[PDB]
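Listed next as structure tokens is one chain, alone, in the form deposited in one PDB entry.
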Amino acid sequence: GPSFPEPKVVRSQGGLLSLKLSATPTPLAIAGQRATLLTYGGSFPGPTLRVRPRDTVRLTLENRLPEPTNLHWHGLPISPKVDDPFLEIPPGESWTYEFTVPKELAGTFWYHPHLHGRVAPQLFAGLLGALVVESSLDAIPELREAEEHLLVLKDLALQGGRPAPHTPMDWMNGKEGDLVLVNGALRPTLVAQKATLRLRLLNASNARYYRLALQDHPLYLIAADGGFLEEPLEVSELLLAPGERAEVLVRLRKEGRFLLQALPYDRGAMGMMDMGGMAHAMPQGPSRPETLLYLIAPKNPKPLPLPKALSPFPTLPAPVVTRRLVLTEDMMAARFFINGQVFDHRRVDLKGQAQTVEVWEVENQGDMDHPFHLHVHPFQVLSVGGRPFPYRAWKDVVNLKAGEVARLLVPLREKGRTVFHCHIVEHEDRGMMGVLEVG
């Protein structure tokens, strides 16, 4: 096959993507070993769905798991009557999701389960895939002539040929695995044929962070979770928290081998120590550095010029309400809260008005990073930790380090009941989620 493994792509045909996927325990080869994972479409990751604005998507999910499951159309501004976080597909049953791709939309999105209390083991076991919305912007020469690849960043641990079970400590921290994979492959080699690469990046891990850095190279950020930036932004490194996506251009500078690494990052995960008083909780410290892939540059690379502009970000109406959402932890109980409460599917926490804009101030009063995800309604991050964001783009997950406040502009789009939650999925399962009703 191609030196660089990527998930099989399924494209809409004649404006329709009609597909049946089963969620099924699947024996497969992963990182040189045989394992049984939980997969969509018999693969890990699941197939990449590639669509255009205005396409119809008709996806029938068959549940061949021993427990209920569903799909969250993560990042898509569609109706929560379709992207329904309360829906349960029982074992053996099927459900058809049908929606139209919004007109003003582009980027890398993804699909995975969202059923309170069940997300972490299902996601960890392999139930995820990407969804790419292709834009007329892809046709500009600076993007069209780039070599494009999707990188699904997802770690795994195996025990007895199956995904390792969650320990109590995993429920507290969020589970990370020793197999740090790209598209299900262990440190693949990307032998570039063009001098400019266009990399779509997805963090589909339960809890692992990727402090991305390519040796000897900057990255040019061109899209965040849910759409293009207004112009490329040069960065020396790029942190992707669980649930986040980004697209970058890489301009290969000379011939050679360059490692794409996940540099050390301390997200505040904890262990337990008994030193004679004790036991108490003790910081794990920064993650060990990981090589994600080997990037081989072609001979005498001459990268394309960067596009001068991408997409103008919409001018939003003035906001009509400010919300404050405070995140806290009870680490030893592995319980997590928003404004002092755990999730209850019967309780509406926020009531907002469709087509108005809100300001959400999300404050992390815990000691570990918590990435915050809002379904259905993409937002503009204004600032985090008191620092203005250096670009405008749609996001649906925002990372908060201990103590930080994120200020978000939140246009409310589709009416209905939806959720917001921590995207360290264990924390969501263990209570850090609330309900938003838009009317």
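Quick note: we count residues from 1 along the sequence shown, nothing fancier. What we label the rigid core is the largest C-alpha set whose atoms superpose within 1.5 Å from one form to the other.
This protein has a second form, the form deposited in another entry, left out of what is shown; the following refers to that one.
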Query raised in the report: So which residue among 277, 160, 141, 92 shifts its CA at least 2 Å between the shown form and the other one once the core is superposed?
Result: 277
**Report entry** Distance direction in that other deposited form for the C-alpha atoms of residue 281 and residue 429, relative to the displayed form (3 angstroms or more)
**Finding:** farther
Query raised in the report: How does the CA gap of residue 430 and residue 281 change in that other deposited form versus this form, closer or farther, if it moves 3 angstroms or more?
Result: farther
